[PDB]
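# Coordinates in review
Residue strings, one per chain:
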2 protein chains.
Amino acid sequence: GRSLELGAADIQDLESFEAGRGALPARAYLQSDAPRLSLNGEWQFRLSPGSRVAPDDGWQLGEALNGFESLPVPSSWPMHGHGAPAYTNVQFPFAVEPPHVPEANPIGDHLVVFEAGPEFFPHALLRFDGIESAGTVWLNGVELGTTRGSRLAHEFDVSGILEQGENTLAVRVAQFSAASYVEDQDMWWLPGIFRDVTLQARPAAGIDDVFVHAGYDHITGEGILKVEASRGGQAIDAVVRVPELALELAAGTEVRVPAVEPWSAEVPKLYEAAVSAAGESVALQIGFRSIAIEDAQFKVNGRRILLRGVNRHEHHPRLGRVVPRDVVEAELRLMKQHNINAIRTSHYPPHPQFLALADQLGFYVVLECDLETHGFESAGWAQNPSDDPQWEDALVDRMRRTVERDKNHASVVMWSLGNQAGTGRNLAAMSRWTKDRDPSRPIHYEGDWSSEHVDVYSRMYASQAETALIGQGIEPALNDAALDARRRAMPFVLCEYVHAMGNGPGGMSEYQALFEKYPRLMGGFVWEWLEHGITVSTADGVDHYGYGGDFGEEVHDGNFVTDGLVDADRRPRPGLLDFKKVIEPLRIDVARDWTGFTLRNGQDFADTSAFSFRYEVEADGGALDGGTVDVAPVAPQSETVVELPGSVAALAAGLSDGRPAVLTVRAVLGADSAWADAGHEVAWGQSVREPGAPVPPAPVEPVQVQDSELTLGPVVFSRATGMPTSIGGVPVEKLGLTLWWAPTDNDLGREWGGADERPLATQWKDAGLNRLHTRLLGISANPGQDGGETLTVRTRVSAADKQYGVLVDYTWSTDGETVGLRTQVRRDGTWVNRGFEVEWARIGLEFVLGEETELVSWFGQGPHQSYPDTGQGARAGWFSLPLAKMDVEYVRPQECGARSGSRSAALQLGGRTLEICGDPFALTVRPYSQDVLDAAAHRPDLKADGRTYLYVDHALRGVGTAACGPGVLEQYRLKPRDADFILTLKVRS
Amino acid sequence: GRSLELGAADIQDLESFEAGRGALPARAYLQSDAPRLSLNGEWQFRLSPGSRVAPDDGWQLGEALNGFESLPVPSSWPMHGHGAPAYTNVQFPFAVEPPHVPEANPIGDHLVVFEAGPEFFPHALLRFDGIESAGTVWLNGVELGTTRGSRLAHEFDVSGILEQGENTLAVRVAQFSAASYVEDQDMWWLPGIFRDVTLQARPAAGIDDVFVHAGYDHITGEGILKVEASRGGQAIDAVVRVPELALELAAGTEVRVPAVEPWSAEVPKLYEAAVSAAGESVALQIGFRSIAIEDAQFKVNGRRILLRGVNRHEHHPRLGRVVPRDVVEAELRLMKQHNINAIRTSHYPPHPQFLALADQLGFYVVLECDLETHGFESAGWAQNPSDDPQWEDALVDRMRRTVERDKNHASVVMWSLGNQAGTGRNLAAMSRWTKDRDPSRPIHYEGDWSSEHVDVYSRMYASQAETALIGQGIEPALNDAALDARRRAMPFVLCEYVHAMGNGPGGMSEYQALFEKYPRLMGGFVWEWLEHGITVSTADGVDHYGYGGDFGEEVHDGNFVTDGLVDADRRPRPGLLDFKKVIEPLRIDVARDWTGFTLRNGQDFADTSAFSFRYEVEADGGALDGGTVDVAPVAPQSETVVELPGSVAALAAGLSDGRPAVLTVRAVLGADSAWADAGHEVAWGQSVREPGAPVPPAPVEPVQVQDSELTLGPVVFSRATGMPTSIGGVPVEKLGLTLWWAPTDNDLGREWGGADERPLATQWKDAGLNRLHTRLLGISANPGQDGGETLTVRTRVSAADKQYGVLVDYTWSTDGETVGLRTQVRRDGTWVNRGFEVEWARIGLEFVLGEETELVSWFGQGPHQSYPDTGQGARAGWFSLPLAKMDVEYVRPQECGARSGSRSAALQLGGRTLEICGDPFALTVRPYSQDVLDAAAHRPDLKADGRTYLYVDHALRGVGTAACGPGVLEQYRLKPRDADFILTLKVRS
Ligand SMILES: OC[C@H]1O[C@@H](O[C@H]2[C@H](O)[C@@H](O)[C@H](O)O[C@@H]2CO)[C@H](O)[C@@H](O)[C@H]1O
Ligand SMILES: OC[C@H]1O[C@@H](O)[C@H](O)[C@@H](O)[C@H]1O
Ligand SMILES: OC[C@H]1O[C@@H](O)[C@H](O)[C@@H](O)[C@H]1O
Ligand SMILES: OC[C@H]1O[C@@H](O)[C@H](O)[C@@H](O)[C@H]1O
Ligand code: NA
Ligand code: NA
Ligand code: NA
Ligand code: NA
Ligand code: NA
Ligand code: NA
Ligand code: NA
Ligand code: NA
């Protein structure tokens, strides 16, 4: 019988295994003097829910358009009300049956009219720098071809189709195609024409492609230069001029430049150059650098380098995959400002303009092909395109287009085949093609741990332990002896580590120490630079970020796309402030006696001449002394001891005993750089003179006894509960032990190994730690001093249906002015539940006060939060913040804002000030409870209730990176234990 | 130092291990001619949140009451706005640290004033029939004592405290006490004075206690009677008169009555008797029956009996543990009306009035002591009161009070020590005490499987398989040979089985067949008789039942308290209608040729004389013939063949081929009984003449082809989807394959064994069965008949991120009037996910129609729902119900309402009628979707949306009892398979 289904031809094309058709050969993105017209601007746009209903009503001609409306191009069209963004991590949002597409497949028809002057005749082309995921292109009704590879460029010859004067460009874009099966990155699904559309003239006697080869001989200091140039795939006569180096040479010939200044992330020297034929001239920036693997080390210009990296996705909270150039420039500057020297273009090539910026500002770039088949893993990689011969031409095309576009840029030091694509024949074909085309850059691919077709050994989230074994070259052998010998001769990189989701990442210091210790370790790139939050508005008008599930998705992965060091608007998370310190390229170790500091230059090429070294002594009453010291330039990987001026040490010796003072030595930029202004801080170190342990008040005040209340100086206790009801007129609504915090994203992840793979958050829930109850055992007053007395309140804390508990005794004392509080915790019974030992989040106290707090001040670490395995960037000092600024605006609210290492604190409750001192404690202050914080899925869910929630912790657990990778390291875990700790409280009015 | 805590003495008493103090000896509940005054009525009531704040302001005197308000007594005070009900199953709602109580412990002070006339002097007492959980009692300010054992009676001597005229009774009731640790039944926590308070005169020369011994000699037919009577614990002279039996005997002497009619559940003969002393007379109902264990069988009056039981809690949706007498009488009648003959007073003694009702209506009762320590299990039974010597006197007291109150009632055939209390020394002490006090009744206790201190082997939810092994006496041996020999000589009872929560219970038939086959098997009691729903009202005014979590509980167990055969208002669930049939005490097997039926009397004592045997033949057009047949009385456990009148068979032979007709034979009550009216149906059986397989219409109509639509007779298809868009003018919004249903309570429970302990609901979720997607592969028309043609639509069904699917082909045909639909399902790829084979709920079609349905009619099984392992009570016939009555009002909405075995159906959509015929299918019709049904937590969440959701299933899974006990039995599971099935559709206007 005859077929009756609609749209079968459009679908057959969408299900095609082949690369796009009709396109010109893949080439570099080149700055040319050839006439060009950007077609970016307001286009017309019509959306159809599938191919079988996509009109074939002659719309490509642009006449009588039924159903079209304005839409900007470039755009991600779900960012403008056409459908909605959808987020999955691994899972595909359609049935997995390659190459077939779902019936529900948004089809976006795009149309623009433009004018072509005589500059574009006879020869011109149209260039598309990105279409997600399948484009069909018509000009004046003539089909030019199709596009596959959503983050790759395509060019179409319009010679003889372009007409002088008015032209009509039509583009039909399907969201889903066969290509969606190889584009399963962890990120928002976002169809659209999301990068530039450009009309370019191709004058006769021009230059189609250029391949810059600029090597460096670190022994002689010579440059090795060869600039290839071709037209229609054939080498051509062109002249290469490099004025700064007094060079004029033919394209195609290799020359030795007697002396060049080499390119690196640290010193990104670029030489302006032009290669020109009679009809066209291309402008280049040349950076001389050679990449080599030697002695299981990754070396640039003869030196092993340390990669201080991030994984950079392209995302904008309002424009989707369209990242405006000012945002790119700003965020790259922000990276440099936080000591980052390396970028991985996770997991596709960036906008083509990114490359010159990376060359100029100075990043080591891992340029990664647009390939990811992650969603096939859950079926044992059955049907994985990476090993399906039918996909070979498509996957080689992706790699070719990746390599050809960006091959001229000194910042690209590695090519990556893709990400999470399994192992297979087509990856090997992509590697072979790349090695043959460009042997000057090592190949990276983490998916095949045997490393058969790569030049570096790459892993993601390997533990600190396993990294140390790899750093020593003693990891376990591959079964294949030949492959094992190859892999052991390779240097090692963490292409993703210390997953930066929510509160965290913990354990960054432990990785860094290994990076510094073992040459084989190349460093690592944090997952990831940014959170992919998408801005959402309410009638109230407040903005908050949305994540998976906030846009109607049938299947999604929640907030796992908000997992970055900065939010979608590039506002730093605390983890970035900590990261900056962890990777700081100079180490400053200030001497205890304040006579000087040790300075190690951790850079690979530059000396310390770019830095001004500054000291300041701060005390309770502000700065006491400061200035600048002269440091003879210290060579890379060398060390010296710098003397501080004698006045500094004399100041230290003069300090009254127990008077706190902090000496800070800082390395700042001596002059404006391309990425920050003079005075910008790069590295720092401190020495602290600690305040004495606070003296307990003499217990000279007696306890008044009344029917329902007890008074001990400024504290009033409920006789029924034994807990304070006010202190110095400040109402206390509750006081109790805390063992729990509102789970972080990490606490919601499974820690693998052991028989227990409940997330820590679930272990806590099962154990009842979020719902502690207190039983009063007794209240007793005891002889103090000179008629005074102490008050002891004996309690037991546990939870419904549990037999384990802790005995908590509070001992109060007062001389009338200061209140002394001693807390003793003792385990009662075995803290085991569901067959596994219960771990605690904390050993602390929660004070719930019946008034709001306007200001929080403290002496300790800051200004930002710190937990046991974080806070590297929190320095010692005196800090003061309004209550709102004590919080951290994670998209999904969670435990955050603790200030570990606090020696004193002051809360301002209107006209009263509550002071807390004692041996070091963590400080947290919130206008809402832990139960409201845990329940809240988005920041608007957090409502202040008129109270102050004050947390004083004697011990905290670490935060780890268990959402993906290692959990809390052993030294930072918190198993049930006995404890005791002392505090002092005072209210001033 | 000196103590300052408040309320320490009240708390010390609450934490006491001892039974109550001050009470009179435990005795029977006896009907006496002694003056009595019920103090039930409106009392005054004040609530305090804990003992440390409970005022000691002299309120016991009743003068100047500060803070008291009216409250009825008896009451569960959280049922009247004082606090709230709270539901936990196993978990305790307080920290487990016996004997200690939480600080948050509702204290309810109760006060009443009453008048005592000279009838109550010199001697009187106050009787309390239940206080949850700890009472302290004052009369005119004089403390009488305390109460422990919340469902047990306590009596206090008021002689010399009661004053003539006005008296003031004060009762302080704590919700929680040490006793809460032994009262952890799965049920609502409900403090209050929840049963009668009675002032009773104790005239001199009276009778305090009576112990009736009324045995039966089934060989001679003699009664063996001895009636003990005592005053102050000493036997006394009393006269026992039994007029009906011409007896006058002294209390304390055993006599042989020459002939008595024995008592049983079937024939609950009772003889009125009075035992009287000079000062007092007690009225008894005596039932002569002896209980004996012989040949591993539980026998009454010389015969092994079959228990057809339920577990009966005491609950009322508005009054809590207060069950009004009219509700008791009504529900016991409803039980008899559903063939129930046995009750287990789960898990405490009932109201004392229950016992006479059970004697009179006729139930075999397992009278169970108020003891349950279930919450200690999760700690390995550490600190279990059942094995703690400090709790021995408290636990023996509970058993003593249980036994003494109810020992005179013939309906009590077993004493139970308690429930879910572990094993231990104090249970053994309770058993020893009981055996010594009353050797006439076997002891039951499931908690100790070794059965060391019991006389029957009791289990709960043993599988059908394990029950069959136990029935054959081949279960595995106990390690202790002596205990194994004892246990193998015991009969076996399921004290709880076929958990009746939500849709279900499945697998009842398989248990019953074993009960009938194996004498050792005593039968079983369903868990449980009623749902504990608590009525909740909204401003709208609709009522719905609340369950755990609906009342603010910090910890709770959700709808696990709504797990019954009837709802809280005693409205039957379908499971009750099925249960009634499963346990029917006569079996009627109607002959295929309609000449007669086989009749087996399944009763243990009665013959069939109480029944009238009626036949009716029904056809499409109603009743055709009917009448009554005379059956010579058939003895218990005998069998006969009854001839039907010749006209019946002649009617069968005369039927036109393929014309449906149902012969039903019924056993109804020939006369009013005490529990139902004449004509009440007890047993039934059917023989069906099936309609022919419906003829497929001749495919003589062609398919019209248009741009966006196809027409094939009355069906209009969307050319883009291939699915029907209307049939005979009825709009079709969607048509697709179904494999999933909204999980039942059972589907949410874990099926133990295997490596997969995900609940089936979770397996489905993980597999994507709730979110199927369909891809169109092709649409084709093919040669039919006489220019007609068939239309085939080829699809594939799968779900996002899955590689497995099914190929579904629809083949449509029409002669213009009827529509023929053939559906073919074929597995594509292996249906495995997370390492385990995916199971299906169904193989069906969902039609979503764009109009509402008012009426649903069908020929099949009904009227109520039926699933493969249920529907025993759905009989063959013609049924017709409004749409709302097709649903089942489970408290948590869930899959329900399917009518399996349907041969034809008619949906009325206004003025059009949609008819569906074909080989047997299940029918379901709803005004809302499956996703709305699954999301709904309470019935108000179900909103109609203007559509009709029609489900036609070719195969269904069973429902099992996996919420607690066996899941779906193997024969009723539904693994992925290929399938094909035919339907016919027709619309009449
Ligand atoms: O934010 C996650 C991050 O993960 C990398 O790979 C992870 C993956 O997230 C996780 O789902 C799987 O279980 O483990 C992998 C590594 O162990 C991805 O490469 C990255 O793009 C992100 O998706
Ligand atoms: O000032 C030293 C600099 O070294 C670069 O390699 C790095 O990218 C910069 O962020 C900064 O740390
Ligand atoms: O390439 C081999 C590797 O493949 C990964 O996908 C897998 O998680 C590792 O266990 C390792 O076997
Ligand atoms: O009494 C012994 C029994 O105790 C139960 O609590 C337990 O679940 C059974 O496995 C059996 O060992
Ligand atoms: Na994805
Ligand atoms: Na992510
Ligand atoms: Na918290
Ligand atoms: Na939260
Ligand atoms: Na309970
Ligand atoms: Na229950
Ligand atoms: Na359903
Ligand atoms: Na539901």
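Reading guide: rules and limits
- Residues numbered from 1 in each chain as written, not as in the entry; some residues may be left out.
- Chains lettered and ligands numbered in written order.
- Heavy atoms only, no water.
- Residues with missing side-chain atoms left out of burial classes, pairs and counts.
- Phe/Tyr/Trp six-rings, centres within 6.5 Å; stacked < 30°, edge-to-face > 60°.
- Helix = DSSP H or I, 4+ residues; strand = E, 2+ residues; numbered from the N terminus.
- Buried < 20%, exposed > 50% of the residue type's maximum accessible area, 1.4 Å probe, protein only.
- Polar contact = N/O pair within 3.5 Å; in protein donor to acceptor, adjacent residues only side chain to side chain.
- Contact = heavy atoms within 4.5 Å.
- Buried area = accessible area lost by both parts, 1.4 Å probe.
- Salt bridge = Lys/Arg side-chain N within 4 Å of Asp/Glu carboxyl O.
- Nonpolar A, V, L, I, M, F, W, Y, C, P; charged D, E, K, R; others polar.
- Pairing = 2+ DSSP bridges.
- Near = heavy atom within 4 Å.
- Domains from an automatic or database assignment.
- Donors = N, O, S within 2.8 Å, 3.2 Å for Na, K, Ca; no water.
- Areas by Shrake-Rupley, 256 points an atom, 1.4 Å probe, with all protein chains shown as cover.

Residue and element names in this part refer to chain A. Here the structure, examined in full by the defined rule, presents 58 aromatic pairs over all chains. Ring geometry for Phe17 versus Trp391: centroids 5.6 Å apart, planes at 75 degrees, classification edge-to-face. With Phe17 in the loop between α1 (8-14) and β1 (31-32) and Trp391 in the loop between β29 (364-368) and α4 (392-406), this residue pair connects regions lying 374 residues apart in the sequence. For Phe17, a relative accessible area of 22% translates into the label partly exposed. Taken together, a centroid distance of 6.1 Å and an interplanar angle of 70 degrees make the contact between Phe176 and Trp189 edge-to-face. Here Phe176 is found in the loop between β12 (165-174) and β13 (187-189), whereas its partner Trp189 is found in strand β13, with 13 residues between them in sequence.

Residue and element names in this part refer to chain B. Mapped onto the secondary structure, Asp604 falls in the loop between β38 (596-601) and β39 (611-619). At 3.1 Å, the side chain of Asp604 forms a polar contact with the backbone nitrogen of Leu306. Excluding residues within four positions of it along the chain, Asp604 makes contact with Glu266, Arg303, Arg304, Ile305, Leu306, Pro636 and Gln637.

The next thing to look at is the interface of chain B and chain A. When the parts of a complex come together, some accessible area is lost, and that lost area is often taken as the interface size. Facing the 52 residues of chain B at the interface are 52 residues of chain A. For the pair chain B and chain A, the summed buried surface comes to about 4000 Å²; carbon and sulfur atoms form 50% of the total. Looking only at chain B, the three residues that lose the most surface to chain A are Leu4(B), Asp801(B) and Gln803(B), adding up to 19% of its buried area. Counting across the chain B and chain A interface gives four salt bridges. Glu97(B) is the partner of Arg796(A) in a salt bridge, and the nearest nitrogen-oxygen pair spans 3.4 Å. Applying the counting criterion to the chain B and chain A interface returns 28 residue pairs in polar contact. When contributions to the side of chain B that touches chain A are tallied by element, the ones reaching two or more residues are β44 (703-705), β49 (772-783) and β50 (789-799) of chain B. When residues in the side of chain B that touches chain A are grouped by element, the largest group, 10 residues, is from β49(B). Tallied by class, residues from the side of chain B that touches chain A come to 24 nonpolar, 14 polar and 14 charged.

With that out of the way, let us pick up the pairing of strand β17 (residues 223-231) of chain B. All names here are of chain B. Pairing of strand β16 (residues 209-216) with β17, which is carried by eight bridges, proceeds in the antiparallel orientation. Residue pairing for β17: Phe211 is matched across the bridge by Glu228. The hairpin formed by β16 and β17 contains six residues between the paired strands, and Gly221 there has a positive phi angle of roughly 75 degrees. With three bridges connecting them, β17 and strand β21 (residues 255-257) associate as antiparallel partners. Note that in β21 the partner of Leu225 across the bridge is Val255. Where β17 lies against strand β18 (residues 234-235), two bridges are found, and the strand directions are antiparallel. Pairing of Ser230 across the sheet is with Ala235, part of β18.

All names here are of chain B. Residues in contact with ligand 4, as listed here, are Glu377, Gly447, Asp448 and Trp449. Interatomic distance of 3.2 Å between a backbone N/O atom of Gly447 and an oxygen atom of ligand 4. Within the contact set of ligand 4, an oxygen atom lies 3.0 Å away from a backbone nitrogen or oxygen of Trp449. A breakdown of the residues in the shell around ligand 4 according to their chemical character gives one nonpolar, one polar and two charged.

Moving on, we get to the pattern of salt bridges. Side-chain pairing between opposite charges can occur once the charged atoms of the two side chains come close. As enumerated under the stated definition, the model contains 150 salt bridges over all chains in all. For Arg488(B), the salt bridge goes to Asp484(B), with nearest N and O atoms at 3.0 Å. Highlighted residues: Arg488(B) and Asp484(B), both in helix α7 (residues 481-488), separated by four residues, approximately one helical turn. Residue class for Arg488(B) comes out partly exposed when judged on its relative accessible area of 28%. Linking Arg903(B) and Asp919(B) is a salt bridge whose minimum nitrogen-to-oxygen distance equals 3.3 Å. Taken together, the residues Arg903(B) in strand β58 (residues 899-909) and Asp919(B) in strand β59 (residues 912-926) connect sequence positions 16 residues apart. Within this structure, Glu132(A), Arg151(A), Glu183(A), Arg321(A), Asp370(A) and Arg398(A) form a network of salt bridges that share partners.

This part takes up the domain arrangement of chain A. Residues and elements named next belong to chain A. For chain A, the assigned domains read domain 1 (1-205), domain 2 (206-289), domain 3 (290-584), domain 4 (585-694) and domain 5 (695-989). A straight line from the C-alpha centre of domain 4 to that of domain 5 covers 35 Å. Counting residues at the interface gives 15 residues for domain 4, matched by 14 residues for domain 5. Between domain 4 and domain 5 lies a buried interface of about 1100 Å² when both sides are counted; carbon and sulfur atoms form 59% of it. Per-residue buried area on domain 4 facing domain 5 is highest for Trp684, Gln686 and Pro694; these three make up 45% of the total on that side. Seen at the junction of domain 4 and domain 5, the total is one salt bridge. Its salt-bridge partner being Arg875, residue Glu681 comes within 2.8 Å of it at the nearest N-O pair. For the interface between domain 4 and domain 5, the tally reads six residue pairs in polar contact. Broken down by secondary-structure element, the contributors of at least two residues to the side of domain 4 that touches domain 5 are β39 (611-619), β42 (661-669) and β43 (681-689).

In this section: helix α9 (residues 574-582) of chain B. All names here are of chain B. Among the nine residues of α9, eight are classified as buried, and the element is accordingly described as predominantly covered. Along α9, the residues classified as buried are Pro574, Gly575, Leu576, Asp578, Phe579, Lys580, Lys581 and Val582. Considering only its buried residues, α9 is in contact with β27 (307-311), β33 (492-497), α8 (508-517), β34 (521-526) and β43 (681-689).

With that settled, the discussion passes to the coordination of the sodium ion (ligand 6). All names here are of chain A. At this site the sodium ion (ligand 6) is bound by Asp186 (OD), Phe560 (O) and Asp563 (OD), with donor distances of 2.3 to 2.4 Å. The sequence pattern formed by the donor residues of the sodium ion (ligand 6) is D-x373-F-x2-D. Taken together, the residues span a long stretch of sequence, with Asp186 in the loop between β12 and β13 and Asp563 in the loop between β36 (543-546) and α9 (574-582) at a distance of 377 residues. Exposure remark for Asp186: the relative accessible area of 12% places this residue in the buried category.

Another aspect to go through is the sheet that holds strand β34 (residues 521-526) of chain A. All names here are of chain A. Taken together, the eight strands give an open sheet; going across it, the order is β31-β30-β29-β28-β27-β34-β33-β32, and neighbouring strands pair in parallel fashion. Looking at the sheet topology across the chains shown, the edges are occupied by β31 (443-444) and β32 (457-460). Bridge count between strand β27 (residues 307-311) and β34: four bridges; the pairing is parallel. Across the sheet, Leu307 pairs through a bridge with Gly523, a residue of β34.

All names here are of chain A. Neighbouring ligand 3 are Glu377, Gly447, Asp448 and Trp449. Take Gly447: an N or O atom from its main chain is 3.2 Å from an oxygen atom of ligand 3. In this structure, an oxygen atom belonging to ligand 3 sits 3.0 Å away from a main-chain N or O atom of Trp449. For ligand 3, the protein covers 46% of the area, taking 310 Å² as the surface of the free molecule. A breakdown of the residues in the shell around ligand 3 according to their chemical character gives one nonpolar, one polar and two charged.

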